[PDB]
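Asker: Read in order, the letters of the sequence shown correspond to residues 590 to 2526 in the numbering used here.
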Amino acid sequence: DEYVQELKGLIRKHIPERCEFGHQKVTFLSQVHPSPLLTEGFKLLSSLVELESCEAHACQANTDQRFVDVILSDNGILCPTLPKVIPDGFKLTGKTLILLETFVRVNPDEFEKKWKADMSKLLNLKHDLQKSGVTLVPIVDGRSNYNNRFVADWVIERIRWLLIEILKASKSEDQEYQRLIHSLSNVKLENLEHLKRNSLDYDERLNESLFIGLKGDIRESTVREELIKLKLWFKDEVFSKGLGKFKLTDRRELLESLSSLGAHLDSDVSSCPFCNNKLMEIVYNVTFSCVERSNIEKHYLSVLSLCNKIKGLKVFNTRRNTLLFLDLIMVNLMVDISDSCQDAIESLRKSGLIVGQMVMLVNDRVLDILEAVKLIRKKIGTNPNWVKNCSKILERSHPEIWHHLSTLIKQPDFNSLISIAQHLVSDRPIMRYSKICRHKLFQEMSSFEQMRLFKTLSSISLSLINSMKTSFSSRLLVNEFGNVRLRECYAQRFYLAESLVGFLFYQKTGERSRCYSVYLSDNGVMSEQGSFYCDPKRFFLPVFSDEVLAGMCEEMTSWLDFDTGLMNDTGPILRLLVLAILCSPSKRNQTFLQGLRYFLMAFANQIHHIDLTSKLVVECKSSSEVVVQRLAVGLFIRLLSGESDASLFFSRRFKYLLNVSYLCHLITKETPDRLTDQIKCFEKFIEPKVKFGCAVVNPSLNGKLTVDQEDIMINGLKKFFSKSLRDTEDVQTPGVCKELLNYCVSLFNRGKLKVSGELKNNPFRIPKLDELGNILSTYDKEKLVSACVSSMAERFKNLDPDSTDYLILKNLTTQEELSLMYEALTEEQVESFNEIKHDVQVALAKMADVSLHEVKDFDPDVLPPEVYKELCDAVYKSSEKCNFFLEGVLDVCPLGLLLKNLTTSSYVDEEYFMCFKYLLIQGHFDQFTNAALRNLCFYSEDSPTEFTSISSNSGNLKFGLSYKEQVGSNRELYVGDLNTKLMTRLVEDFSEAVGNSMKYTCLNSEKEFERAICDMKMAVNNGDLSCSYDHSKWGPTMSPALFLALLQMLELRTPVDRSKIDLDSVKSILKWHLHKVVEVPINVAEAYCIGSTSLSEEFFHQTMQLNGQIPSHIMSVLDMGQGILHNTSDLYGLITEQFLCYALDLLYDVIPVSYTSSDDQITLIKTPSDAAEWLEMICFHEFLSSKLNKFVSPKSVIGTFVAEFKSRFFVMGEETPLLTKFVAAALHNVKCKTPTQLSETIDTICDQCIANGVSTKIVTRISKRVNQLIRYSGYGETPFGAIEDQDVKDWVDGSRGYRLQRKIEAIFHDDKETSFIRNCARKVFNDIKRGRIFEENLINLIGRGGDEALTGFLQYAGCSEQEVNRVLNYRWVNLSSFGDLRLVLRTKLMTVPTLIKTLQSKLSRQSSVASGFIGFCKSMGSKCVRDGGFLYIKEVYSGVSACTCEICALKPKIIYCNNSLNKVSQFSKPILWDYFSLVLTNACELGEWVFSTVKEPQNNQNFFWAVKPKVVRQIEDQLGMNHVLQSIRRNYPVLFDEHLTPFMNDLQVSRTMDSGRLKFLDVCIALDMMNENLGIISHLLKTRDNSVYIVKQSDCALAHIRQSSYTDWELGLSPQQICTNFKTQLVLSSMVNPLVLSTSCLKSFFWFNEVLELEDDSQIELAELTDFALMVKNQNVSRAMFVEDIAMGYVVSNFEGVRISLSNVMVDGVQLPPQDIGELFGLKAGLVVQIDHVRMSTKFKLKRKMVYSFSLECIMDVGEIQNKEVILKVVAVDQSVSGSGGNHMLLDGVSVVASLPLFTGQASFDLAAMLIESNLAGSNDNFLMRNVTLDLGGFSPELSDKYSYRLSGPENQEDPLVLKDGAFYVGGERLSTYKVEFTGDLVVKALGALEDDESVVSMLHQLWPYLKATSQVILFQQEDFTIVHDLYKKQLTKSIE
Ligand SMILES: [Mn+2]
Ligand SMILES: [Zn+2]
Ligand SMILES: [Zn+2]
């Protein structure tokens, strides 16, 4: 006993805190027996865990382990026959119970499983304990570790290790031991060999119905014969009879069909859009009434703002009296204004804000003054002390900040109010609920009323979204067929002119669709404009886009300027169509425009499907779609109709029609109704399965199927694989034939298709599912209410104020913070919050202690008001109640009486429904084996150890159904649990590895996508057959059984092992997926249960209670959830399309190439030897695809004029720009958290928009729009703000920093300060790069801030105090100076510089836009800006002094001076510092060409062309990772330790100086962290994403020419002088002694600046080759560098070949026995075609032009596949060069061996049984050569390009090049002398400092002999010669003579 005895002593360090601890310790220590030891230890550890865990929550440990019934029976509580459950911790108080069940699971999977299994068993008890008992709150304590608060967190793991060692030492079944060790480890993919895989007598029939026809060994020729016979049968049995699927166009018939389907003729609607649509009539009325025709108001608006602000404090705990105090204040101030200045109630009110007998009040409410004074008459006589209390309550316990000096305490004099009421007579609105046409004939109006129409529509949309902002917790004073006399309705205002305004009246609040009424007011006379009914959250697009739409339609119309007379008819039609589209948002319009797009696509080409016209019609309702459909059809006809002269310019027509059809992106996609969309999604999901007949009913969810379930499953599996190859009846039903599958498999296995199994890189390396879309699941509500009631019970150690509600606001997302956290909720969110509040309050009330609901759901919180009248509810709640209500409001709210307080607070208010609910809930109207007793404490019983063919002993792969929003129609969505998510992840990783091993598929490979793009473009330009095939129902039709059979039939051969990998685990996971369970949404279930003909509703009602229970779980055969098996489906489609293209190539002798995307494909067919003889081919292809599970949609098109792939249309010559799509994308998706991120998003969108040649005048309008949006929110304009205005075509070669710099430069007219700052930045750049002495000191100088850093940089460059006081005067207001703007926006429920966040995002791995922007504008009005505290934005902007000193007026509200911000100086930063930072950042980013000055320069709007960026980077262009990390670690150590690198295991490479001290990353990174709006480090680690820009020529000629000359003024070195001085130094250094011509004598010279001077277009004299080699960092030494005589060209081509040597040696046994060849030929004549190994040694004698020679031999090893009879089959090739040859020689050799008449081509192969006769020794022939030819891939082994002899060679390191007298000496022979000039001064400058005297002697004696080979007399014979005379060497100058 080693560890048995040590365990007793090691556990002695335990504290017996409770009695149970000691009581179990005395028994454990006094019992030494192996059989109970493990059990006792595990149970004592579990008791530790559970006791600590629950005692942390005010516990009472369950020591009896008794049931709930007995613990309820202890006190006096009746037994409702509750289900048996054993609780871990219980706490009973009054009539409330808290149950806590704790556990421990170290892995997230089993933890989530246990939590979701415990929450349900705790929740299913409340339904029985609440009906005739008490309430409860369930709590679940889940711990992912064995840690606690009793031990030092170091003994638990020791005890665990000792226990597992004792267990593995001795035991005492098979799986109970594997889970115990697994459930005590710490952390621990495929290869699940630990499983058992036991059979259950059911997988037998599965394998018998799945793998009977699968053989995968069919020959090649028999398939050819079968396809020939099938084609011959198809030609004369189904095609000659007229049962095809495609047909020719006959464009006239298509025009007639569109005119019949689109242009309605049997309709009663008129041909005028204004009198059909109500909104169009309204806007027409307003625009034709507007076009054809003072301290009082500001004081009123200020006091309106004050009262609206004070209303938000809710300091009165009541809504009625608050509004009464407010309108009292309002009427008192109104009568105080009307005391004098008689020209105020009529002049500054009628033209201001007042209407007939109505005044504006708080919360945008309009109230009648008669009703106002009448309600003021109340509260008097019965409560005369009201005004006094309300006046004395605003002084104490109040903010006490108010200007209500006299307008508050004044008693309202009623006589003056009556006089005012009699002044203006009642003219109240009518609120029209539920034939002559005079609408000016829009087609013939002026060019001014349409722009006014657009302006009015924009104003109306703004008014609508402003009505959307109305608060939710608002109730009118008095409540309310076809006409309602409005008196207390909500109203919004909008200004249109100088006097007339427009009023918008409505009665409801929230985000629902409402009915509105629009009125006008010219000079006080309130007229009537109309009424309508719409949804406010569907008009966000035109809020300010009144100029963008005008510009885009003007440009789209001018596109057709080729015929003067055609655009005049299409312009107004287009504008009216756009207008009608904006005024009527609907999905039907989007579907109609998509159908029109498909119609145009089919019209452009030559062949189209026969079922096309049935996919274009849509049922129109509300008579609003008729007009838009008629307009679209008329436009299409006007553009397409014509006999002969109808296609003068067809490209323009096609582009115009495409952009018109793409107008569907203007209408948003925000699910007009959620319940209907969910129902329709369920319909579309479950309809095909009911039609097929395999949808089973609720399974056991454990892996146990009944006999009928497995019977119907096998029946469906058989029906799936029961399709023949001849019957034409099954061409639209799912299923596949096994014969064609076996054919394709056997054809793919034997390397016949374009793909093979030669893959590399072996791939074997808490929400609820029943509710998706709900903001809060039941589990989260229950957890929140339990936590809150637990906190409130812990606090009571009574009385509780409303602060408990604050707790609800703290855990879901002090009156100010309460209001700030409460404003950020939506209508459904506030309803859920009220529900949670009600639950918490009733729970606390029960802790403190009509008959139609018992038979129905006994829940009182869900009783609907739609079953009872309102008069009964209003009269019953106001009855006699003595002990149910209490006197007073009782703000303190002690415990025990909260129920009465709630009833009284609800009764004093206006609403009585909550009063009735509280009244009802008050009236009490709701009344020793180790396998069974050891899996309840902490045993992970649900761990996977043994699985079956349908489950995994841990579930059945449950899923959840939902929808996803799209333009045309909603898409499906499946979300899974964690286990099935991991399984799908493994499957998709395996399949994506297999696909990445493939080539032709393009889904996660942009290279193949670009290849397909260029192939399609070339085919369209040449005129090949392009066929775009879209497939219908790809998701809901595929089945996992097809993939199972496919993977069973494949082999997946390894690259180098050829091992036939066993796909056992993959097939197991696929069998698991085949039996997945899809759970239906609960909303559809309730909608079909509560309760038009619907098939899925019929199935629901048929399966409701007939066969079983209500359907909640649906399993079937063919599901293939969309977005689950995407990669497997992609690979299957790829192989099927390869088989199909092979079949087509073999049958119709054409050349097909196919590209796939797992949903649609594109086939480019090159035909031999107009296109009317290919219908049989395409219909045969369609038939063959329908034989598989690849049904083609009628939207697929075949032609030769236009191609489509991934919504990218290519036509002859160019590409369609798709303007309107990008325009609508820019106008939409306004997601704003801060103005900076919105500016950046709009920047990216406008960049990618202008990339596709849109315009330069429209982007300016979008920038102005976003500027106005950020200004309207109350932020005010900032110098940076949104995208600059008045831009140019220089979005190319320009980033966000460049356009910010352009904006800042445009701020100043005559740039002298910014030019000086640019000069200082250029000086810093030169001194840091050329002078190159600056590092990490600028880091110390910049970290301070902006002011001192700028003057420090200036004094480093150079300045005086004048510059300090001059440049630093320009200031701008930065509101986010002491941090960021605090705000809580409309986020989902349940919840430091930015560079750190971007880096964290890089290392690591349903909401509307209108509501988001509304919440943004609302949250930008509270206390947001921070200091020291928080305050307002207008409070800061009100402190600026209007000095106006001729320097702060060049741009108001943008640039100020210093003394103008003396009141507020904390938010004041210089803009010139930001300009300096931006200039330096652009310099470190994209070159120094931005330091010069901007100069201005001195085309039919249709000349488009492509341009490329002209950027030049000096920042180490590669710039990968592990460089910014090192710079941060060096510069910011504390910032690198904290907030960075906890989630990193590769710190060693980032620490060992991986290319440390980058050129500029050191200083170009510190400006990014301090400035909050640069963002360059997050930009440098990103690609251009465009790489090309299509632009018009008209914008290229009007751009600014900003190209900088060299800052050194061309004065530095004149690189020609660099070259000549370097050559002079080299020649004079060589002419003192012989040196080798290696890199040792070229890099070792100072003037070798040739590696510098990035522009290397010109070399020195002759050394081009060695310079280009050094640019690649060559290690060469010397060779014959005589490129003057071309060694790469004019080379002998004496090429030949040799025999081969087969690997996998089997020939040595059959080589010698021939002594024959006959038996060998007979052996070569089961089939034994194995792999073939070819070995070749090709030796050539490549010569050169100069005197030289070279012998070069190449070894070629080819791994191919032996053929049956025809030629051969190839897999891979490899080459290895060798021999003696120069770089040019080997380059020529390797280029010609890859471009020779050899294997690539005719192969020039001479077999003749010759090389076989040499390998297989024999001297006989059998009169049969059977010549073969290779079809090699075309690999490119051209990666040496050096002097290297390619890793092998018998000759190395000879022929050294030396230099003695300026002449190349190869071995002693003179080649030539290159000319070098010195001009006299240079030679003496070199002679100055030398080694000794004899060196100078040698140099000057060898100089003139080299002068004989040169020509230089320019050496000045003057005083310089007298200086050279210092070296008295007359003999040297007199020896040459
Ligand atoms: Mn497509
Ligand atoms: Zn009309
Ligand atoms: Zn000023």
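C-beta: ideal position from N, C-alpha, C; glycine also.
Please go through the region 661–695 and give each complete beta strand (DSSP E) segment of 3 or more residues, from N-terminal end onward.
Answerer: 678–682, 685–693
Asker: In whole angstroms, give me the CA-to-CA distance for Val-1217 and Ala-1169.
Answerer: Going by the C-alpha atoms only, they are around 7 Å apart.
Asker: Could you tell me the distance, in whole angstroms, from the CA atom of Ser-1050 to the CA atom of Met-1141?
Answerer: 20 Å
Asker: Determine, using beta-carbon pairs with one atom in the region 1546–1553 and one in the region 1657–1675, whether at least three such pairs fall under 8 Å.
Answerer: yes
Asker: Out of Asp-698, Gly-1883, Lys-1399, which one is the CA nearest neighbour of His-2189?
Answerer: Nearest neighbour of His-2189 by Cα position, chosen from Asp-698, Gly-1883, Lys-1399, turns out to be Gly-1883.
Asker: Any chance the region 1161–1180 sits against the region 785–805, with 3 or more Cβ pairs inside 8 Å?
Answerer: Judged by Cβ distances under 8 Å, the region 1161–1180 makes no contact with the region 785–805, as fewer than three pairs qualify.
Asker: Does the distance between the C-beta of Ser-2049 and the nearest non-hydrogen atom of ligand 3 fall short of 8 Å?
Answerer: Taking non-hydrogen atoms of ligand 3 into account, the C-beta of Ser-2049 is found less than 8 Å away from one of them.
Asker: Bridge partners of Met-2220, per DSSP?
Answerer: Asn-2222
Asker: Comparing alpha-carbon positions, which option in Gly-1920, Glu-1726, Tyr-1737, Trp-1763 lies nearest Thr-1745?
Answerer: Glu-1726
Asker: Taking only beta-carbon positions, decide if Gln-1321 is within less than 9 Å of chain D.
Answerer: Note that chain D does not occur in the displayed structure, where there is just one protein chain.
Asker: Measuring straight from C-alpha to C-alpha, what distance separates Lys-1656 and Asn-796?
Answerer: Answer to the nearest angstrom: the Cα atoms are 12 Å apart.
Asker: Round the Cβ separation of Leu-2436 and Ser-2365 to the nearest angstrom and send it over; I've been treating them as touching at under 8 Å.
Answerer: 7 Å
Asker: Between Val-1576 and the rest of its own chain, which residues show a CB-CB distance below 6 Å, the 5 nearest in sequence each way excluded?
Answerer: Counting only residues of its own chain and dropping the five nearest sequence neighbours on each side, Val-1576 has a CB closer than 6 Å to the CB of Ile-1658.
Asker: Taking just the CA atoms, how far does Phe-2132 sit from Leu-1988?
Answerer: In a straight line, the C-alpha of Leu-1988 is about 12 Å away from that of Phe-2132.
Asker: Can you say whether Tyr-2195 is buried or exposed, counting buried as having 16 or more other CB atoms within 10 angstroms of its CB?
Answerer: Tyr-2195 should be labelled exposed.
Asker: Taking 8 Å as the limit between beta carbons, can you name the residues of its chain near residue 562, skipping five residues before and five after?
Answerer: No answer is possible for residue 562: the residues shown for the chain start at 590 and end at 2526.
Asker: What whole-angstrom Cβ distance do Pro-1288 and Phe-1309 have, given they're in contact under 8 Å?
Answerer: Actually they are not in contact, since the Cβ atoms of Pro-1288 and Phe-1309 sit about 20 Å apart, beyond 8 Å.
Asker: According to DSSP, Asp-1749 sits in a beta bridge with which residue or residues?
Answerer: Its beta-bridge partners are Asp-1619.
Asker: Taking the alpha helix (DSSP H) that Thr-1983 falls in, what are its first and last residues?
Answerer: 1983–1992
Asker: In angstroms with no decimal places, state the Cα-to-Cα distance between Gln-2300 and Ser-1586.
Answerer: 39 Å
Asker: For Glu-746, which of helix, strand or coil comes out of DSSP?
Answerer: The answer is helix: DSSP assigns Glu-746 an H, G or I state.
Asker: Just verifying my parser: in three-state terms, what is the DSSP assignment at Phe-1798?
Answerer: strand
Asker: So, under 8 Å CB-CB, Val-1206 and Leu-850 are touching, yes? Tell me the CB distance rounded to an integer number of Å.
Answerer: 5 Å
Asker: Which same chain residues end up closer than 6 Å to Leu-1491 when comparing Cβ atoms and leaving out the 5 residues on each side of it in sequence?
Answerer: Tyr-1507, listed in sequence order.
Asker: Which residues have a Cβ closer than 6 Å to any heavy atom of ligand 2, listed in chain order?
Answerer: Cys-861, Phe-863, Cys-864, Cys-1026, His-1028
Asker: Tell me whether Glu-1535 counts as near ligand 1, meaning its Cβ is closer than 8 Å to at least one heavy atom of that ligand.
Answerer: no
Asker: Can you name the residues that DSSP bridges to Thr-1643?
Answerer: Answer is none; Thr-1643 lacks a bridge partner.
Asker: Near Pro-2386, which residues of its chain fall below 7 Å by C-beta distance, leaving aside the five closest residues on each side in sequence?
Answerer: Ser-2393
Asker: Is it a yes or a no for the region 2344–2361 touching the region 2415–2424, going by three-plus beta-carbon pairs under 8 Å?
Answerer: yes
Asker: Among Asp-1738, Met-1572, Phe-1632, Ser-1088, whose alpha-carbon lies nearest the alpha-carbon of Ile-943?
Answerer: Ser-1088
Asker: So, under 8 Å CB-CB, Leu-1361 and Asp-1389 are touching, yes? Tell me the CB distance rounded to an integer number of Å.
Answerer: With a Cβ gap of about 37 Å, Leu-1361 and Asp-1389 do not count as contacting.
Asker: Taking the straight line between their C-alpha atoms, what separation do you get for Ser-883 and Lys-1210?
Answerer: 51 Å
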